[PDB]
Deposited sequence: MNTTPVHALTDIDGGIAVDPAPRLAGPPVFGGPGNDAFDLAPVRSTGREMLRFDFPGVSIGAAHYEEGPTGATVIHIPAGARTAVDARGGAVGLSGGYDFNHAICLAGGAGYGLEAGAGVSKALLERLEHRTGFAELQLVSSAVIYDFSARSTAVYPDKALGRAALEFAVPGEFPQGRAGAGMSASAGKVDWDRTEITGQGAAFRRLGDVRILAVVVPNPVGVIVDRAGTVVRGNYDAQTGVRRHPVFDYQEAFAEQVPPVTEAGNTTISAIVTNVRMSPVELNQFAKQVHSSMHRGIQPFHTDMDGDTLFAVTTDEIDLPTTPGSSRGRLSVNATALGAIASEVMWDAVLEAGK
């Protein structure tokens, strides 16, 4: 399948933010996805000195959100039920600082108004990306501000860009871990729009629709990637005894209850493309965001079935958009 991108051995010892004169770089990745979703903008910035970065989804009007912080090792700030931005970043818990840069910028744009109903709400989540490089540089307040300032409608930089700079997969053993990236995908169906954004830094591996392992757990001794379960099961036989952060953004009106269950459904669906997933070693966090523009019909019928047009249906479609995004990240 694809050529290996082995991350290589941990190097710990390296310089931190203050050691450098750090210039934000607008991330372009390997290619740009273009899409049509008015009211949603995306910016991505990185420090070459990491390499590490942040990716910001800006919805200036604000949008209702559900968070499904399903992993065992989550790094989350805010996790609000209504957001003006979502900030995804490297740097482990230190990278939550990037969201502060976004928040301050939005406060300035609001002319420092502070009424309850005009608080600018930014939710942030992070990946641990320090094993995939040899510095301690992290996404700081300045980098989050830059990613917001770089945000534009209808573009997403695929691959090694923003939060995906140093994302990696397949962590049974660090000698077999491979660099991933970030990914996005978009579908429009009638008036319905669905955007998926993902930064897969899994303990598990990326798996395609045929069941092929396409990124992570690559053994240079064999030239082949293995599903982790094969390693795990042999490890048990031998010895006993002897994070992915993501967002799904849509324009379909969903109640708080529908939106929450939609988040759970889409998030669980990602165990198709990332295996294992939702593990104690992962901090998997999905944000489900709706711009509340399009009604679903009051009854769920169509020529395709009596129960074919509802939030579960939307969840199933969004799950496919998200798998496409995961595969873009691993490409």
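Gaps in the model (deposited sequence, numbered from 1): Missing from the model are residues 1 to 18, 261 to 266.
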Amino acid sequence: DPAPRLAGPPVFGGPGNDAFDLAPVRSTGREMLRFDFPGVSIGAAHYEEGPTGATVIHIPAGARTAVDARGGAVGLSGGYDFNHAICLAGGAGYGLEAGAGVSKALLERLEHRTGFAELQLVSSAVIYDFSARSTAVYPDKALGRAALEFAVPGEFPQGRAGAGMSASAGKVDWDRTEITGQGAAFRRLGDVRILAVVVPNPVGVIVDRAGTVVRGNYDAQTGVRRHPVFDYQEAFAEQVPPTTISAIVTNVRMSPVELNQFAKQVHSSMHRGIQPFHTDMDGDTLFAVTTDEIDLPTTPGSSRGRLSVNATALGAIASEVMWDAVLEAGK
From here on, numbers count along this sequence of modelled residues.
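Going by the mean C-alpha B-factor recorded in the entry, which is higher: 193 to 201 or 131 to 139? Between 131 to 139 and 193 to 201, it is 131 to 139 that shows the higher mean C-alpha B-factor.
Between 108 to 116 and 141 to 149, which has the higher average C-alpha B-factor in the PDB entry? Mean B over CA atoms: larger for 108 to 116.
Just grab whichever of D231, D81, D208, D175 has the top CA B-factor as deposited. Most elevated C-alpha B-factor of the set, per the entry: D175.
Of the choices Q275, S302, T285, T65, which one's C-alpha carries the largest B-factor in the record? Most elevated C-alpha B-factor of the set, per the entry: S302.
Relative to the other modelled residues of the same chain, rank the CA B-factor of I294 and answer lowest, middle or highest third. Highest third.
So where's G39 on the chain's Cα temperature factor ranking, which third? For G39, the deposited C-alpha B-factor lands in the highest third.
Chain-relative CA temperature factor third for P24: Middle third - that is where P24 ends up once the chain's C-alpha B-factors are sorted.
Within-chain third of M322 by Cα B-factor, per the entry: Bottom third by C-alpha B-factor.
Consider only the C-alpha atoms of the modelled residues in this chain, order them by B-factor as the entry records it, and name the third containing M254: lowest, middle or highest. Highest third of the chain for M254's C-alpha B-factor.
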